[PDB]
Amino acid sequence: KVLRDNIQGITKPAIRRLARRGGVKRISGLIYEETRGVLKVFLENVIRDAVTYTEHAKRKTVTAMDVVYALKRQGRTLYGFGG
Amino acid sequence: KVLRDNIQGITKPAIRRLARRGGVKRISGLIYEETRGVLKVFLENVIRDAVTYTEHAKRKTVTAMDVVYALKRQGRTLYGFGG
Amino acid sequence: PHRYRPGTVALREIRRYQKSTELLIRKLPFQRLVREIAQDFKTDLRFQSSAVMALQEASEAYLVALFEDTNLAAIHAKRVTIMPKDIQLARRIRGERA
Amino acid sequence: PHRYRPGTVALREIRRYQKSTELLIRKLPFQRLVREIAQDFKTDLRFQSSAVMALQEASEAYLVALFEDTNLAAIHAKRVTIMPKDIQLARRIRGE
Amino acid sequence: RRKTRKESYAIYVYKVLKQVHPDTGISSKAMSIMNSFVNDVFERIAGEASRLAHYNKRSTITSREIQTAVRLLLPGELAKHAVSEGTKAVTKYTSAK
Amino acid sequence: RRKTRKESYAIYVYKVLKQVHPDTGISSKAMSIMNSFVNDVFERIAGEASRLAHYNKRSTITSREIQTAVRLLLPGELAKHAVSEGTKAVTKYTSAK
Amino acid sequence: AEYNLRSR
Amino acid sequence: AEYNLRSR
Amino acid sequence: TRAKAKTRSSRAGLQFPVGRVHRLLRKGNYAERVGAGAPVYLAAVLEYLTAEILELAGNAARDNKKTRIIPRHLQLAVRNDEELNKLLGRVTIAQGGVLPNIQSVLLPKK
Amino acid sequence: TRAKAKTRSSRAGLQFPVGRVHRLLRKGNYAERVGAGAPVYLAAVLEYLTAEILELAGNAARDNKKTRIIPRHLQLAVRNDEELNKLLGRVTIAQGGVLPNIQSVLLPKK
DNA sequence: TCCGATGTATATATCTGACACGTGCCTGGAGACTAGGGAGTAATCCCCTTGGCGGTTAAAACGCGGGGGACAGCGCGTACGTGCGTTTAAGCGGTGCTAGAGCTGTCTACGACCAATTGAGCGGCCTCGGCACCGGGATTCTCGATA
DNA sequence: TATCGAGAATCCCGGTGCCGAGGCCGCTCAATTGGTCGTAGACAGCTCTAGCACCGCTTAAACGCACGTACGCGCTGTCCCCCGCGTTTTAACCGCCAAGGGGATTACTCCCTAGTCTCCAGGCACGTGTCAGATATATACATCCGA
């Protein structure tokens, strides 16, 4: 039933590509776990608020608008998904 | 009456006391001019908005509420002066 | 045989990924991470496909911008290599880290 | 004669100023700086006394918090001395 | 003539102080900060409840919008304890008719 | 049955595009971003105009609250040029009414 | 009845 | 009509 | 004859003013309509959050050997609690000062 | 008898919809009342700010040899302009990417 | 460790001014009641989300070799902290003026509201031009080797 | 300290294909016209707060300088850990079929809130007395740093 351990599917080469878009030339091997921990904290904060909007609407489906409102409330406004 | 060059009245020992409250043990002599430039930019941003609230009210006196609203809209809410 | 020097292909990769706009995380792995995180807030949640894409676009923008600030923290410490302490400084000065 | 070693009185001053709550800039010099900055936005503004005090409390809180982030940038670079490049890093990472 | 009414939370902050610490007093500066804190948290909660009503196409801010705004705005255990107190109050008020 | 009418700024964004670059087109993702931008800036300006009316004990949002909200919200020369266009529009409208 | 504080 | 853009 | 009036605050078991909160919700342009339970719930939350800060600030006053809460005690209360510090992270308290905190690398070697 | 309808948008000289902006101001819970000049001023500002982004993004499209504005061109338009970058500093543009930017110390010696 | 010089914490006694309290009255909260439309509910359509299947091939994982960057240890000189005597001007209290914040009271122009009318804007249709890609050739950055 | 030139790389071109942008059309709902009524707020007039200006005194604080030491930071040497890249394995991605949960309506009804009118007591401004605590003066106790 439940999912587990999917943060390890955020691969070393994916984290390297994100760091390359961030202009990073050289990466310590300890960065990949630090980045996974940071990403899980960021997603937990956005998804908790998005699911709070979904529950207030009495819906079972998290919409792109629930995500856009959760991001706006946290001061990270996203254009291109509505709102 | 008129005023000029008052940023020099933000003295080296005042900037040192602020740095001490900030936990700073040792200070380069280049810091005092950098701190003055930073303070002038901070005050220009708050006072421009405060004076914008004052002019909207058709007042000639900047109130503590004009300052508190100017600080609040810049994400720096101040308690203890009203609002 | 032919071989590029350390950091030459890194600079080529920086130029490639700063020219491009696509998402850099694999979509199915990221979607499973979103569903795993969501199950702790309530069970049996569905997602609009565009909600997962909104979460991925926001997450990659956040990580890329944090890598820029991390890279400045490395360079300030006279390094070209980013380390966990550079992420930790960037997040503390941002007010994300206590 | 008696001397304390370099940084002993600095640590005593950190302890003193982190215990206290008083404004650390001289009030009359700060008030003249506020009036000078304001005259570029409108001529012959008055200030409530409490408006100048609100500006001073916000300005000192802002500078103190920036010195904390500047001190972390110095320590990250293996220094105990803050420098302009530490203020520049702190303000760049904050997005100021 | 006597000065116009300035409305304040100070007497209710003082009633709450006398419950949590009956022998403790408060300075007027600290009371001014408490009044600013109450006004700020009111405006945050009412503003998020306002957004929640608008997003859902609703004309009314209800106890349910306030509850979701409190869950969004307050961190961690502050939310759980605030939601407990808000629900207890509306339950007591409803029973009192 | 046909779907219910979802309004957007897309036709007006396209009218402004046809004025500023007559031969340029726009993708639907770029149009969606432009619609989000217009909604976001409307909500910021109307929200600051709303605070300005409340702070001044006023019931009405007027052209004057919008002007001050624009001066608070827009950086540098964006404010000066937006205030020019807002004042030019209101003076043409009140001449033609 | 008293407050359900986090401390009590 | 003309726009008073920062570019003009 | 009408029955003797009693406050909605007293019907709710609250110190904070339910009628004033209701009038602030109606006049503050939050929505077209305000539900009867909305000001009771909001008044209870403002009262609870007041009680959280004041309990910690009266503890800070007592630890500093003072019987009066001053702006310092509100700052010590807020910054020593991780959740009130998160709630008030963008807030300055006038005359609050800062937490006593020296970075470990700056302390003298012994 | 009754005269033919003229849009408040065309009466103001605007492409942006003054009647829709007015209805959004009245229904958005911004104040009790909305003045007749308020939606004209606001519609003009939204139109101007649209024209500023579209001018820079149509130029970004042309510099990229494209005829169609894509999210990339809006991102280049915004981040290469210091004032639109300040206005949109907390905003993510979906599918926009980043500015080409390498720190000088990372480039090889000459 | 251990002494002198210095600094902080702790005690007691003064006195002062901010807090907590009590009093009167008035304005805004509650009681009682009505009209009407928001939203709770039931019923229904059909979108779009979830799930599963097979092929393919892009991408991840792995292992290896080696070079260049992290970081420790060292030297050295300069720029900062400490402490002193001198100079500056802040802070205090005090007197005094009057700009202008704040409030009262009268009007009227403006916006909310309603009812009728009609065209601006939406969803649905559909078609052909811009863009994505193939796949090859021209050209240019890298870097071991030549001189 | 610049020059070959084999190699991998990016840019660039002409051709192929498709599928998304943007015009066209018909319906409808929301914007406009025209008109009424009520009160927000523009204006005039007045009170008296509190902000600005200046004086003279005291002394806290800023300034300027001399000294010396501990820190910044350039150098050099080691070695490890990261990059580049060739091979193998994984599973993402795509295109497709299929079911049905649940989002998104639509109609119907009633109970909830806005609005009105009339009290009446909770909360405010004001005026008051006294004890919490800011301070001077004293000195017990802890720390620092040369020996």
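The chains referred to below are lettered A, B, ... by the order of the sequence lines, with proteins before strands, and numbering in each begins at 1.
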Would you state whether a donor and an acceptor, one from the side chain of [X] and one from the base of [N], lie under 3.5 Å apart?
X	N	answer
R5(D)	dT82(K)	no
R2(I)	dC120(L)	no
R3(C)	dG84(L)	yes

OP1 or OP2 of [N] under 4.0 Å from side-chain N/O of [X]:
X	N	result
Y12(E)	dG123(L)	yes
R23(J)	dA31(L)	yes
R1(E)	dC26(K)	no
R2(F)	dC122(K)	no
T67(I)	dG133(L)	yes
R20(J)	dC122(K)	yes
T61(A)	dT49(K)	no
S28(B)	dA79(K)	no
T4(E)	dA125(L)	no
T60(E)	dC112(L)	no
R26(A)	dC83(L)	no

Self-check item: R16(B), nearest nucleotide to its side chain (from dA39(K), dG81(K), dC144(L))
Solution: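 Looking only at heavy atoms from C-beta outward on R16(B), the closest nucleotide is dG81(K).
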Exercise. Run the salt-bridge test on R20(I) and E7(E) with the 4.0 Å N-O cut-off and return the result as yes or no.
Key: yes
Self-check item: Classification of the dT87(L) sugar, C1'-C2'-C3'-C4' positive north, negative south
Solution: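 The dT87(L) sugar sits on the south side, the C2'-endo region.
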Quiz item: For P29(D), which contact category applies under a 4.0 Å heavy-atom criterion: base, sugar-phosphate, or nothing?
Solution: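 Sugar-phosphate contact only - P29(D) comes under 4.0 Å of backbone atoms but never of a base.
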Quiz item: Looking for any heavy atom pair under 4.0 Å, which part of the strands does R79(C) touch: base, sugar-phosphate only, or nothing?
Solution: sugar-phosphate
Tabulate protein N/O versus nucleotide N/O from nucleotides 51-57 of chain K, keeping only pairs under 3.5 Å, one per line.
none

Using a cutoff of under 3.5 Å, can you pull out all pairs of nitrogen or oxygen atoms linking the protein to nucleotides 4-8 of chain K, with atom names and distances?
{"residue": "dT6(K)", "atom": "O3'", "partner": "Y4(D)", "partner atom": "OH", "Å": "3.1"}

Quiz item: Between CE of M83(C) and CZ of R26(A), what distance do you get to the nearest 0.5 Å?
Solution: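 Taking CE in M83(C) and CZ in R26(A), the distance rounds to 7.5 Å.
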